[PDB]
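Q: Provided herewith is a single structure, encoded as structure tokens, for subsequent inquiry.
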Amino acid sequence: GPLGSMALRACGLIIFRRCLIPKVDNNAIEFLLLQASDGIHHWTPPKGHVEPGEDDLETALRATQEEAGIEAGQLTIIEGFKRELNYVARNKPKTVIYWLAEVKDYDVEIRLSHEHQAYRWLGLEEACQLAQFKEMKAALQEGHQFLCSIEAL
């Protein structure tokens with residue numbers, strides 16, 4: 001309503017944190033997903049619709065900082081891989097853009113503003129079950145692919 005009429009194209013950040021090295025199977029790289037408690041309880045990265053004045057990535061940075069509480073200052077937009085993630089969930093297409101980001105703060109505080117009340121740092125597999133969306137599972141998997149060329153080596 002206040003952010004415009006209905007959502008059209010939303011944007012979010014594929015947030016992930018890489019540790020010193022892989023342990024048992026948690027892999028050094030993990031994804032940060034949020035479970036909305038004010039809805040039907042779904043897992044998804046910090047992504048929000050784009051207002052009629054903000055930008056696509058700026059919107060992802062806005063949700064990243066708002067939906068999870070992480071500002072871009074502590075995140076590095078690796079980019080490399082990103083596309084308009086599009087899903088209909090219950091039945092609402094809405095375009096979504098996903099960028100790669102890394103928290104240089106291993107102890108970053110995921111502050112969830114009035115919207116999400118759950119957040120976790122998990123590996124691709126655990127991030128895949130929570131996402132439940134083919135694009136998210138692939139975006140998370142495709143996102144990991146580029147990281148292979150990052151400091152993931």
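Starting from 1 in every chain, residues are counted up; chains themselves are A, B, ... following the order of the structure tokens, and ligands are numbered from 1 as listed.
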So which bits of chain A end up helix (DSSP H, G or I) when you DSSP the backbone, as a PyMOL selection string?
A: chain A and resi 56-68+72-74+124-131+134-148
Q: May I have all residues of segment 99-141 of chain A that DSSP, computed from the backbone, assigns to strand (DSSP E), given as a VMD selection string?
A: chain A and resid 99 to 103 116 to 122
Q: Could you take the residues named above and write them with N, CA and C atoms, as an mmCIF file, in the first residue's frame?
A:
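Result file follows (selection-v1.cif):
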```cif
data_model
loop_
_atom_site.group_PDB
_atom_site.id
_atom_site.type_symbol
_atom_site.label_atom_id
_atom_site.label_comp_id
_atom_site.auth_asym_id
_atom_site.auth_seq_id
_atom_site.Cartn_x
_atom_site.Cartn_y
_atom_site.Cartn_z
ATOM 1 N N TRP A 99 21.531 -11.368 -5.258
ATOM 2 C CA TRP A 99 22.985 -11.059 -5.429
ATOM 3 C C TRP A 99 23.808 -11.854 -4.415
ATOM 4 N N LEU A 100 25.060 -12.083 -4.700
ATOM 5 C CA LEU A 100 25.917 -12.824 -3.732
ATOM 6 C C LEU A 100 26.518 -11.830 -2.739
ATOM 7 N N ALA A 101 26.569 -12.190 -1.488
ATOM 8 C CA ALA A 101 27.132 -11.265 -0.467
ATOM 9 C C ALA A 101 27.851 -12.076 0.607
ATOM 10 N N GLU A 102 28.875 -11.520 1.191
ATOM 11 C CA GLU A 102 29.619 -12.258 2.248
ATOM 12 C C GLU A 102 29.744 -11.373 3.486
ATOM 13 N N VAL A 103 29.456 -11.899 4.645
ATOM 14 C CA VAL A 103 29.581 -11.060 5.868
ATOM 15 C C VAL A 103 31.019 -11.107 6.360
ATOM 16 N N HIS A 116 10.745 -10.680 10.027
ATOM 17 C CA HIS A 116 11.274 -12.058 10.209
ATOM 18 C C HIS A 116 11.666 -12.254 11.676
ATOM 19 N N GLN A 117 11.435 -13.420 12.215
ATOM 20 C CA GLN A 117 11.802 -13.667 13.639
ATOM 21 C C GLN A 117 12.697 -14.903 13.724
ATOM 22 N N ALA A 118 13.198 -15.357 12.608
ATOM 23 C CA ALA A 118 14.077 -16.560 12.622
ATOM 24 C C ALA A 118 15.167 -16.419 11.561
ATOM 25 N N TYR A 119 16.378 -16.763 11.896
ATOM 26 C CA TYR A 119 17.482 -16.677 10.902
ATOM 27 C C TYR A 119 18.542 -17.721 11.259
ATOM 28 N N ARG A 120 19.154 -18.345 10.283
ATOM 29 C CA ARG A 120 20.174 -19.384 10.607
ATOM 30 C C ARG A 120 21.298 -19.383 9.572
ATOM 31 N N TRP A 121 22.479 -19.759 9.978
ATOM 32 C CA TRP A 121 23.613 -19.854 9.020
ATOM 33 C C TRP A 121 23.809 -21.342 8.713
ATOM 34 N N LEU A 122 23.389 -21.797 7.558
ATOM 35 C CA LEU A 122 23.516 -23.254 7.249
ATOM 36 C C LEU A 122 24.255 -23.480 5.929
#
```
Q: Choose the residue, out of A:11, A:78, A:152, A:110, that has the smallest atom-to-atom separation from residue 57 of chain A; count only C-alpha atoms.
A: A:11
Q: Which polymer residues have any atom within 7 Å of an atom of segment 112-114 of chain A, counting only C-alpha atoms, with same-chain residues fewer than 6 positions away left out, as an NGL selection string?
A: :A and (66-69)
Q: Given the selection you just returned, output its residues as a file containing N, CA, C and O atoms, formatted as an mmCIF file, in the first residue's frame.
A:
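Output below, filename part_28.cif:
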```cif
data_model
loop_
_atom_site.group_PDB
_atom_site.id
_atom_site.type_symbol
_atom_site.label_atom_id
_atom_site.label_comp_id
_atom_site.auth_asym_id
_atom_site.auth_seq_id
_atom_site.Cartn_x
_atom_site.Cartn_y
_atom_site.Cartn_z
ATOM 1 N N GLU A 66 17.205 -4.749 6.443
ATOM 2 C CA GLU A 66 15.919 -4.720 7.199
ATOM 3 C C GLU A 66 15.430 -6.130 7.551
ATOM 4 O O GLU A 66 15.147 -6.426 8.695
ATOM 5 N N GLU A 67 15.288 -6.990 6.582
ATOM 6 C CA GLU A 67 14.771 -8.360 6.876
ATOM 7 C C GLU A 67 15.747 -9.161 7.753
ATOM 8 O O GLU A 67 15.328 -9.973 8.553
ATOM 9 N N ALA A 68 17.030 -8.954 7.622
ATOM 10 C CA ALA A 68 17.992 -9.729 8.472
ATOM 11 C C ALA A 68 18.735 -8.789 9.416
ATOM 12 O O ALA A 68 19.234 -9.198 10.444
ATOM 13 N N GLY A 69 18.824 -7.533 9.087
ATOM 14 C CA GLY A 69 19.544 -6.600 9.994
ATOM 15 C C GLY A 69 21.006 -6.470 9.562
ATOM 16 O O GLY A 69 21.828 -5.964 10.301
#
```
Q: Give me the residues near segment 61-64 of chain A as a list in words, where near means some atom within 9 Å (using only C-alpha atoms) and where sequence neighbours in that chain fewer than 3 positions away do not count.
A: residues 11, 12, 13, 14, 15, 45, 46, 47, 48, 49, 54, 56, 57, 58, 67, 68, 69, 70, 71 and 72 of chain A
Q: Pick from A:37, A:76, A:26, A:5: nearest to residue 123 of chain A, with only C-alpha atoms counted?
A: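 Closest candidate: A:26.
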Q: Provide the atom CA of residue 91 of chain A to atom CA of residue 132 of chain A distance in Å, to one decimal place.
A: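 Separation between atom CA of residue 91 of chain A and atom CA of residue 132 of chain A: 14.5 Å.
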Q: Just the residues within 7 Å of residue 97 of chain A, please, counting only C-alpha atoms, with nothing from its chain fewer than 3 positions along; format it as an MDAnalysis selection string.
A: chainID A and resid 10:12 82:85
Q: Would you mind exporting C-alpha atoms of the selected residues as a short mmCIF file (atom, residue, chain, number, x, y, z; two decimals), in the first residue's frame?
A:
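Now in result-v3.cif:
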```cif
data_model
loop_
_atom_site.label_atom_id
_atom_site.label_comp_id
_atom_site.auth_asym_id
_atom_site.auth_seq_id
_atom_site.Cartn_x
_atom_site.Cartn_y
_atom_site.Cartn_z
CA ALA A 10 11.58 -7.53 -5.61
CA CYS A 11 15.29 -7.82 -4.85
CA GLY A 12 17.30 -9.67 -2.17
CA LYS A 82 22.68 -12.89 -10.09
CA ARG A 83 19.43 -13.03 -12.05
CA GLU A 84 15.79 -12.11 -11.55
CA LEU A 85 14.72 -14.97 -9.29
#
```
Q: Residues of segment 8-124 of chain A that have any atom at most 7 Å from an atom of segment 136-148 of chain A: could you tabulate them with the shortest-distance atom pair and the distance in Å to one decimal, using only C-alpha atoms, ordered by chain and increasing number, as a tab-separated table?
A:
```
residue	atom	partner	partner_atom	distance
A:80	CA	A:146	CA	6.4
A:81	CA	A:143	CA	6.0
A:100	CA	A:143	CA	6.5
A:124	CA	A:140	CA	6.6
```
Q: When you draw a straight line from atom CA of residue 115 of chain A to atom CA of residue 34 of chain A, how long is it in Å?
A: 9.5 Å
Q: Which residues come within 12 Å of residue 88 of chain A, counting only C-alpha atoms, excluding same-chain residues fewer than 4 positions away, as a PyMOL selection string?
A: chain A and resi 8+92-96+133-135
Q: Please save C-alpha atoms of the selected residues as an mmCIF file, in the first residue's frame.
A:
```cif
data_model
loop_
_atom_site.group_PDB
_atom_site.id
_atom_site.type_symbol
_atom_site.label_atom_id
_atom_site.label_comp_id
_atom_site.auth_asym_id
_atom_site.auth_seq_id
_atom_site.Cartn_x
_atom_site.Cartn_y
_atom_site.Cartn_z
ATOM 1 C CA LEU A 8 6.128 -6.212 -9.112
ATOM 2 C CA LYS A 92 2.228 -14.788 -6.463
ATOM 3 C CA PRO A 93 4.930 -14.591 -9.198
ATOM 4 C CA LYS A 94 6.593 -11.248 -8.348
ATOM 5 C CA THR A 95 10.103 -10.987 -9.834
ATOM 6 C CA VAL A 96 12.981 -11.268 -7.368
ATOM 7 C CA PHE A 133 12.005 -23.125 -3.987
ATOM 8 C CA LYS A 134 13.624 -24.532 -7.145
ATOM 9 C CA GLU A 135 15.089 -21.093 -7.959
#
```
Q: Give the answer as one residue: which of A:33, A:98, A:52, A:149 has the shortest atom-to-atom distance to residue 86 of chain A, using only C-alpha atoms?
A: A:98
Q: Which is closest to residue 111 of chain A among A:130, A:44, A:125, A:65, if we use only C-alpha atoms?
A: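 Looking only at the distances to residue 111 of chain A, the closest residue turns out to be A:65.
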Q: One decimal, in Å: what's the spacing between atom CA of residue 126 of chain A and atom CA of residue 7 of chain A?
A: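 According to the coordinates, atom CA of residue 126 of chain A and atom CA of residue 7 of chain A are separated by 28.5 Å.
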